[PDB]
Every structure is written in C-alpha cells, then in structure tokens.
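Peer 1: Numbering (PDB author numbering), first residue to last: 42 to 480.
We put the beta carbon where it would ideally sit given N, CA and C, even for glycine.
Handing you a structure now.
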Ligand SMILES: OC[C@H]1O[C@@H](O)[C@H](O)[C@@H](O)[C@@H]1O
C-alpha cells in the first residue's frame, strides 16, 4: 500500500483537450498557428476541437469522480487569459478555470495547474517568445494574475511542463511550435525558460497563497549504456548530464553543468548577475515526467554519443517500456539532488485502442504498463524517494501534438466524431488501484 493520502491523479493539457480555439475572446497561440502549417501534423489534425473539453468539462469532471481521482493535473491556456499584446486579462478565459477548479473541489479532487504546457500566446511570440529575456517577465506577470485569482484554490502549481522539449522540439528540430530549427539557440531558450520559472516562483512567493505550493515539471529519460565498455559508460554519463540534468543542475545548484556549457558555449552571455540565484530559489516540489529510457553507445563522430533504438517492448510511439527506468530515475534524482518532494506528473502509454462489438475498450497492454510503472514507483518510495503523487498521462485520448489523433494515451477513450467518452479497462483498473491505495 502507498502512504495514506497519496495523491492518485490523471493529467491533461489545455491545447491537447480543450478545443474552443477561438471562442470567448481566446487569442491565437503558437499551436493554433503551427497546426495550420501543412505537413507539420499527421493527418492535418489540430486542436481546434480536440476533446471539446472547454464545453464538456462537467462531463469530464464526473468521469474523474467516477474513477475516484484524488487530484487532477491540467494546464492553463495562457492565450485564454491574455489573448493579445495589450496584456489585458480576458475574464471569460479566467472564468473557465475558476469554474473548472470549483468543480474539482466540489468533487474532492485536488487541482494541480500547469501554467505553461507549450501553448504560448502568439503575442508573446511576436515579442520574441523564449528567445527574449522579457518573455520571463511576461510569464511572471501571467503567473501573478493566475495566482492572485486562484492561488489558494489550487494547492499545487507547476510553472513549466518539460522545458527540455520546448528547447529540443521547438528550437532544435522544429517538430513543435514555434518550429525553429537552430540548435545554437537552445541554451538561450533554456536560460529564459529557467528565468521565467524563477520569476514566476518569485511572484508566487510574493503572493504566498495559503496552503499552496509551486514547483516545475521536468521530463527525463533514464540513460543506460548499451555495454559495460568504458567509452559507452562515458557517453551514457555525458548524455545523462545533458538529457536529464540540463535543468535540474541550475534549478538545484545554481549553475549549469559542463555538458550544457559545452553544448551551448554562448550560454553565459544570457546570464545576468542575479539570474542563477533567481533560477535556483527553492521549489516546493519537483514534477517528474517519465515514459521511457534511452540506451546510449559511444560513437567516433561528434558529439560522440548515439542513441540506440529498441524494437521491443515498445508502445505505439515506439517508446521502450522499462518500468525499472522510473525507479532508477527517482532514486538518481533523490541521491544527486537530495530527498525533495516529487510528484510523477506524467507517466502512461499509447496503444492502438479499438472498441469491440459491444462498445468496450479493453487495453490490457496499458494496464500492464501501469502495473509495472506504479510498482516501480512504489519501490522507489520504499527506498526513500519522497513520492507524493502519481498522475497517469492521460485522463483522455487527446491531440498528441505532431502525431495528431493517431496516438491514444487516455485511460478514457474518446470518439472524436461524437465526443463520446468510454472508460477503458485501464481506467477501471486504475479506479481499483486508487480504491486499494496500491496494486
Ligand atoms: O507524448 C506523450 C506526452 O508526452 C509528454 O512529454 C507531454 O507533456 C504530453 O503533452 C504528451 O502528450
């Protein structure tokens, strides 16, 4: 059994579920724009409608209640709040989150809100987006507004979701909005993401909302060398420092690591005198997102590291299923950076789900994923990790970014033609886990 009061949840993000993309005075986000670009998204899909959750949120709140969720992690669409460069608050957008949060509490579900889950308002992008240091101040102003409005109604706040993905997918690879493909920008962007977190945290501390805490969510891929050879070991260590500690090192220690400074030699040009102190001010908790490990070998070619693909066992995303990677990640963070409070803010899997003739959605592979991963999380808790909660990604099948609707991560099936929701077997199973407070 997990600890009494352990927070079992499920997670979503705003662009992935809400729809209502141009309703109620919501401004365009960089993802509204990105999804109009032909060729960027599988099937030419977008989040224009998604799960239609902006309209259907009460149905989704009842589904959360049906499962017995203790907590629900969502993100806030910044462009619903500040549609445009006037910076004026859009009250209808704010009201939606107020109604959502009130509905959570009415059902005894603790809200966890992510301020930034990738859907930057286009107006912030027009002012430089994360290339501009001033975006950190815009993000702090957005945070201040939301925490002034809802701070003591939302007990757990996360600033950023997965800043490494914003850097890599958004600026290195152009896979995600805003679609830049210039690896030399990644340090600058990383710094400004971190600075925005620090300034948002400052805003949060100044407001000091009763009973509320703020952290940040980072993704990680536990790294294993492909062999015991020294060069593979060295490549794996360098890849871990970059892949897994690019953000944690400055957040906890107030410095960038060497792998990061090597990757982005101009990074120190963006660091003003008090930025590292601001970035490293204490967080209340760390959000951990984990799906899969990465297997590394050395290479002779720059940068001397190769990630090796794994054919099996994998999910529909081709991501290796290795629950021991979750245990090892948690133990490593805890050993390296100390026993701070951790929430697993995402863990889950995509499989090709299909209703049967009777309308049931039986997803045993997803059950098996959760069984392994929740079990690994329990072992990490038994071995001294301060794990406070676990959020299944996702409550709902949703818009999976550049994969569009080709990937289903929900524990609840969504027919996107009719918006019908059906609990999958995994949701039924998870309800039982919550009720038992463990496996
Ligand atoms: O890809 C599955 C999930 O990966 C996570 O990196 C993101 O935070 C989610 O938005 C995404 O749906």
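#1: Go ahead and label residue 362 buried or exposed: buried means 16 or more other beta carbons lie within 10 angstroms of its beta carbon, across all protein chains shown.
#2: Tell me whether the region 139-147 and the region 199-213 touch, counting them as touching only if at least three CB pairs, one residue from each stretch, are closer than 8 Å.
#3: Just to confirm the assignment, what range does the beta strand (DSSP E) spanning residue 201 have?
#4: Leaving aside the five residues before and after residue 210 along the sequence, list all residues of the same chain whose C-beta is less than 7 Å from its C-beta, in chain order.
#5: What distance in whole Å lies between the Cβ atoms of residue 419 and residue 43, which are believed to be in contact at a cut-off of 8 Å?
#6: Let's see if you can read the secondary structure: which residues bound the alpha helix (DSSP H) around residue 377?
#7: Just to confirm, is the Cβ distance from residue 113 to residue 150 under 9 Å?
#8: Applying the 10 Å Cβ sphere with the 16-neighbour rule, what's the burial state of residue 349?
#9: Quick one, which of 438, 321, 425, 251 has its alpha-carbon nearest residue 455's?
#10: Once the 5 residues before and after residue 279 are set aside, which same chain residues still bring their CB inside 6 Å of it?
#11: In the DSSP output, what is residue 261 paired with across the bridge?
#12: Three or more C-beta pairs closer than 8 Å, one from the region 265-280 and one from the region 312-327: is that the case here?
#13: Tell me, please, whether the region 167-185 touches the region 224-240 by the rule of three or more beta-carbon pairs shorter than 8 Å.
#14: According to DSSP, simplified to helix, strand and coil, what is residue 345?
#15: What separation, rounded to the nearest whole angstrom, lies between the Cα atoms of residue 342 and residue 273?
#16: Drop a sphere of 10 angstroms on the beta-carbon of residue 380, count the other beta-carbons inside from all chains shown, and report buried for 16 or more, exposed for fewer.
#17: Residue 378: which of 186, 50, 289 sits nearest, CA to CA?
#18: What I want to know is whether the C-beta of residue 57 ends up closer than 8 Å to one or more non-hydrogen atoms of ligand 1.
#19: Specify the secondary structure class of residue 326 as computed by DSSP and reduced to three states.
#20: In three-state terms, what does DSSP make of residue 111?
#21: Output the distance between the C-alpha atoms of residue 390 and residue 190, rounded to the nearest integer angstrom.
#22: Since residue 484 and residue 384 are thought to touch, with beta carbons under 8 Å apart, how far apart are those beta carbons, to the nearest angstrom?
#23: Would DSSP call residue 77 helix, strand or coil?
#24: Out of curiosity, what's the CA-to-CA distance linking residue 173 and residue 124?
Peer 2: Quick look at the numbers:
#1: Your numbering for residue 362 matches position 321 in the chain shown. Buried.
#2: Contact between the region 139-147 and the region 199-213 is not established, with fewer than three Cβ pairs separated by less than 8 Å.
#3: Here residue 201 is taken as the residue at index 160 of the chain shown, counted from 1. In the DSSP assignment, residue 201 falls within the beta strand (DSSP E) that extends over 197-202.
#4: As a position in the chain shown, residue 210 is number 169, starting the count at 1. Answer for residue 210: 216, 217, listed in chain order.
#5: As a working note, residue 43 is residue 2 in the chain shown. As a working note, residue 419 is residue 378 in the chain shown. Cβ atoms of residue 43 and residue 419 come within 8 Å of each other, at about 6 Å.
#6: Position 336 of the chain shown, counting from 1, holds the residue named residue 377. Annotation for residue 377: the continuous alpha helix (DSSP H) segment containing it runs 365-378.
#7: Counting from 1 along the chain shown, the entry for residue 113 is found at position 72. Counting from 1 along the chain shown, the entry for residue 150 is found at position 109. Residue 113 is a Cβ neighbour of residue 150, given a cutoff of 9 Å.
#8: The residue you call residue 349 lines up with position 308 of the chain shown. By the neighbour-count rule (16 or more Cβ atoms within 10 Å), residue 349 is not buried but exposed.
#9: In the chain shown, counting from the first residue as 1, residue 455 sits at position 414. Checking every option, the nearest Cα to that of residue 455 belongs to 438.
#10: For this step, residue 279 is matched to residue 238 along the chain shown. Excluding residues within five positions, the ones whose Cβ falls inside 6 Å are 300.
#11: On the chain shown, residue 261 is found 220 positions in, with the first residue counted as 1. Paired residues: 331.
#12: No: the two stretches stay apart, fewer than three of their Cβ pairs being nearer than 8 Å.
#13: The region 167-185, when compared against the region 224-240, does touch it at the 8 Å Cβ threshold.
#14: Position 304 of the chain shown, counted from the start, is the residue given in the question as residue 345. In this structure, residue 345 counts as coil in the three-state DSSP scheme.
#15: Taking the chain shown and counting its residues from 1, one reaches residue 342 at position 301. Taking the chain shown and counting its residues from 1, one reaches residue 273 at position 232. Roughly 13 Å separates the two Cα atoms.
#16: Here residue 380 is taken as the residue at index 339 of the chain shown, counted from 1. Classified as exposed, residue 380 has fewer than 16 neighbouring CB atoms from the shown chains inside 10 Å of its CB.
#17: The count along the chain shown starts at 1 and reaches residue 378 at position 337. The residue with the shortest Cα to Cα distance from residue 378 is 289.
#18: Taking the first residue of the chain shown as position 1, residue 57 is located at position 16. Because some heavy atom of ligand 1 lies under 8 Å away, the Cβ of residue 57 counts as near it: yes.
#19: Indexing the chain shown from 1 puts residue 326 at position 285. In this structure, DSSP gives residue 326 an extended state, which the three-state scheme calls strand.
#20: Locating residue 111 in the chain shown gives position 70, counting from the first residue. Here residue 111 sits in coil by DSSP.
#21: Here residue 390 is taken as the residue at index 349 of the chain shown, counted from 1. Here residue 190 is taken as the residue at index 149 of the chain shown, counted from 1. Roughly 34 Å separates the two Cα atoms.
#22: A question about residue 484 goes unanswered here, because the residues of the chain that appear run from 42 up to 480.
#23: Mapped onto the chain shown, residue 77 falls at position 36. Secondary structure of residue 77 (DSSP, three-state): coil.
#24: Locating residue 173 in the chain shown gives position 132, counting from the first residue. Locating residue 124 in the chain shown gives position 83, counting from the first residue. Looking at the two C-alpha atoms, the distance is approximately 19 Å.
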